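Starting off, we have a lone chain in the form solved without the DNA, written out as structure tokens.
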């Protein structure tokens, strides 16, 4: 994957007209860390990323819409990716054609190591499950399509529930059809991803990292629905199925959301991103672009070496921090504009 060109208008605090990163590994330097963080985030979204931000935190103050453009070369060919972010939503174009966002996940895209990442490790149940669904959807168009179909069957089913004792029967079978498949795909995915997470985290930290997906309907959605029938009737809501399952991250066998320090969480989050990156490379046959924010933060030598060692072996990667690694080509960001000397 080679990002050839990034252009933007009215995205966060950026002013650049164009940014042309070099091939290989490069670093963004400058006093304004927020500018760098926005640049990396703009690139990530240009390439098909998603992040949790109100429009006033994606679009420049006093402006209506933002635009993002990326020109990439991939194993699949050359592509022009564009996004308009405004009151109407996110409009995505690929080579001049309006496409669903998920279409861009047909290409390798990017992985961003962001300051936002630790909050999932530390945050509520629903956020870890949301992370899981976004992750797997990158890999599997069937999974993305099952999420949509399940969410319809669920919506329709809870409506029949809220409206008394209804004819739930056909809804049970639909929820199970989509749900059982989602459960299966999650198990398959996590069998591949968990060992990668453990390996990657071992290079960054002393504590063993793990994960567990706790299922409400592990013997099948139909059978769990039966067993929850009185109780779901009592609450007005489906209580079992993959929308209720919990992804737990572990350090030394113990839940990270309870027993990780913020620093430990930040390193676990880093490992999760690098494991996602590795697995995407296997899936696509070509690595995503890797974008690393906070390169310079309170890093230790071995942690740095391990990430630098990973990033410097890719076709292209961009780091942003207070200082660049020595010998890494550097581009300055000053007043929203990049200069690559």
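Positions refer to the first chain, counted from 1.
Of the two segments examined, 178-186 and 221-229, it is 221-229 that shows the higher average Cα temperature factor in the deposited entry. In this entry, 81-89 shows the higher mean Cα temperature factor of the pair 131-139 and 81-89.
Looking only at 193, 171, 105, 249, the residue with the top Cα B factor in the deposited structure is 171. Of the candidates 300, 294, 276, 282, the PDB record gives 300 the highest C-alpha temperature factor. Residue-level temperature factors show residue 306 in the middle third of its chain, judged at the C-alpha atom. Residue 201: CA B factor in the lowest third of modelled residues in this chain (values from the PDB entry).
Among all modelled residues in its chain, residue 58 ranks in the highest third by Cα B-factor.
Sorting the modelled residues of the chain by their CA temperature factor places residue 328 in the middle third. Sorting the modelled residues of the chain by their CA temperature factor places residue 126 in the highest third.
A second form of this protein, the form deposited with the DNA bound, is not displayed here; the remarks below concern that form.
Of the residues given (75, 214, 126, 219), 126 alone sits with a heavy atom within 4.5 Å of the DNA in the deposited complex.
Out of the listed residues 80, 152, 254, 192, 152 is the one that sits within 4.5 Å of the DNA in the deposited complex by at least one heavy atom.
Using a 4.5 Å cutoff between non-hydrogen atoms, residue 110 does not count as a contact of the DNA in the deposited complex. Residue contact with the DNA in the deposited complex: residue 97 places no heavy atom within 4.5 Å of it.
The DNA is not shown here, and in the deposited complex it never comes within 4.5 Å of any heavy atom of residue 258. At the 4.5 Å threshold, heavy atoms of residue 90 reach the DNA in the deposited complex. Proximity to the DNA in the deposited complex, taken as heavy atoms within 4.5 Å, picks out 231-239 from the listed stretches 195-203, 260-268, 231-239, 171-179. Shown without its partner, the chain has 243, 244 in segment 243-272 as residues with a non-hydrogen atom within 4.5 angstroms of the DNA in the deposited complex.
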